[PDB]
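Undergrad: Sequence first, structure after; it's an experimental one.
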Amino acid sequence: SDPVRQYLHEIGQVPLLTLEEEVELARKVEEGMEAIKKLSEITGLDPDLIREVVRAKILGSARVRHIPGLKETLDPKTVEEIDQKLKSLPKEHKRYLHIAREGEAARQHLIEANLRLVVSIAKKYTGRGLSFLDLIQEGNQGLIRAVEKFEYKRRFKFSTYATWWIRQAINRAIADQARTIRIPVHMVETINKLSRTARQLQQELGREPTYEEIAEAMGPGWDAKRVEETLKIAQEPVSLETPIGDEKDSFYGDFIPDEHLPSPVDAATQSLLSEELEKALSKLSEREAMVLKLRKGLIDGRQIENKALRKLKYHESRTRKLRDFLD
Amino acid sequence: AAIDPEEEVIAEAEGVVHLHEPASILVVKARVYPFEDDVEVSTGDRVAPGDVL
DNA sequence: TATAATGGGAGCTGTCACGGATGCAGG
DNA sequence: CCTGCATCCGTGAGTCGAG
Ligand SMILES: [Mg+2]
């Protein structure tokens, strides 16, 4: 029925963590990563490889996919090879495997537990050019970043540290994806700053400011030309399907000509030009023909040179009918 | 154990440890197999009846 | 990169008549 | 459980011109 209501329902399935549970999960995660570093020191494999194998075993057989970071393809065959090289380690070393496993499980549980926060943060970002669910998803990415970067030692509640990353990712998304013609994030910052400034100036002046007033409130290095060019670059394109008229009848794109494809008169222009040039070249001696046509590129597409130049000056002043092709 | 070293609980002398006042009680339908030395499977592994634990 | 923050929000309301499928109470 | 009728859902609803 409604995707958002369904997601909000699936979110209300996971109960919220008590402080002890939050701390526990965070601790298990951190100690899990430490254990992965340890297993890297022991076996001599890639920390990323070991991490992805542990994760593969925790998630299930459903998810095994090649990771852009890894130096090898990760198939279940390889995850079983690596798992068998991990399990065959001595007991005190094998401990860290279990530690890492429960670490990953704790990570999954921790991410799934805090998903409501992402919703409540993304609900403030509505109508900025991104859909609700998209904001929710990018915010989820922020939440995952938070989980991986969180330190429970500081005795700060996880929502505090997570909120920052969620806002960060949501904003990054809004800046990145909300424009059909992509403008780099810093330039977007510039544009937004310009807009806020203009709104301020217009708020105090009781009227829309000029480019010069904006240049004034912008500070050093800013002039009217830069403001105008920046506002020019901030222009979003318009849809060709934009309705023209009160009815469903015609579209705005039906009034726009194609400036690319030559109209029949243009193809006829090229034809008649090549023809007239070919027929009025009767002056040409053969050597001057091949060499002067190589001069003007009429063959392969790219002293006698001077005599041919002079002869062409001679035949230009002759018929006086080629002016038309010259526009 | 704990964050800061001075918050840790160290046993004075020989004794037995009892756990009281849990924050919550978790009922999981599961079979518990106690072991002694070394375990051949890790957390998350899936096991059919007869597989060595 | 760290006070803590943990389930959205608008809705569009005065047509009309059809084929096909889907469902429920009844013989 | 097979038939029949009630109900829901999707699909249509003139042409050209001008804006
Ligand atoms: Mg200025």
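TA: All right, it came through fine. Numbering: from 1, shown residues only, chains lettered A, B, ... in the order given.
Undergrad: which SS state does the residue in chain B that chain A sits nearest to fall under?
TA: Nearest residue of chain B to chain A (Cβ to the nearest Cβ) works out as residue B:43 at 3.7 Å. For every residue, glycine as well, the C-beta is placed using N, CA and C. Of the three states, residue B:43 takes coil under DSSP: H, G, I helix; E, B strand; the rest coil.
Undergrad: Contacts only, for whatever residue of the stretch 51-200 of chain A ends up closest to DNA strand D.
TA: For the stretch 51-200 of chain A, the residue closest to DNA strand D is residue A:133, as judged by Cβ to the nearest atom of the strand, at 21.6 Å. Residues in contact with residue A:133 (Cβ atoms under 8 Å, 6 or more residues apart in numbering or on different chains) are A:3, A:4, A:7.
Undergrad: Is DNA strand C within reach of the helix or strand harbouring it?
TA: For residue A:133, the host element (DSSP states H and E) is helix A:132-149. Yes: Helix A:132-149 lies within reach of DNA strand C by Cβ under 7 Å from any atom of the strand, at A:132, A:149.
Undergrad: In terms of helix, strand or coil, where does the residue nearest to the spatial centre of chain B fall?
TA: Centroid-nearest residue in chain B, with Cα atoms, centre = their mean: residue B:34, separated by 10.2 Å. Of the three states, residue B:34 takes coil according to three-state DSSP.
Undergrad: What backbone torsions are found at residue 42?
TA: I went with chain A, as the question did not name one. The phi/psi pair for residue A:42 (degrees, to the nearest 10) reads phi -80, psi -70.
Undergrad: if I look at it, how far off is residue A:243?
TA: Distance, residue A:42 to residue A:243, using Cβ to Cβ, to the nearest Å: 67 Å.
Undergrad: how many neighbours does residue A:302 have?
TA: By other Cβ atoms under 10 Å in any protein chain shown, 7 other residues sit near residue A:302.
Undergrad: From residue A:293, how far out is it?
TA: 11 Å.
Undergrad: Residue A:193 and the ion, how far apart?
TA: Going from residue A:193 to the ion by Cβ to the ion, to the nearest Å gives 14 Å.
Undergrad: which of the residues in the helix or strand harbouring that residue are buried?
TA: Using DSSP H and E, residue A:193 maps to helix A:185-205. For helix A:185-205, burial by neighbour count (16 or more other Cβ atoms under 10 Å in any protein chain shown) applies to A:188, A:190, A:191, A:194, A:197, A:198, A:201.
Undergrad: what's the answer for stretch A:244-253, then?
TA: Per 16+ other Cβ under 10 Å, stretch A:244-253 contains no buried residues.
Undergrad: now the farthest one out in chain B, which residue is it?
TA: Quick read of chain B (Cα atoms, centre = their mean): farthest out is residue B:6, 24.2 Å.
Undergrad: who has more neighbours, residue A:42 and residue A:243?
TA: residue A:42 (17 against 12).
Undergrad: Can you name the residues that contact that one?
TA: A:89, A:93, A:96.
Undergrad: Tell me which of these fall in helices.
TA: Counted as lying in helices by DSSP state H, out of the contacts of residue A:42, are A:93, A:96.
Undergrad: Give me the buried subset of the contacts of residue A:42.
TA: Of the contacts of residue A:42, these count as buried by 16+ other Cβ under 10 Å: residue A:96.
Undergrad: Let me know the distance separating residue A:216 from the ion.
TA: Taken as Cβ to the ion, the span from residue A:216 to the ion is 5 Å.
Undergrad: is it true that that residue lies in a helix?
TA: Yes: the assignment for residue A:216 by three-state DSSP puts it in a helix.
Undergrad: Kindly tell me how buried it is, as a neighbour count.
TA: Residue A:216: 16 neighbours (other Cβ under 10 Å).
Undergrad: give the contact list for it.
TA: Taking Cβ under 8 Å, 6+ apart, one finds nothing in contact with residue A:216.
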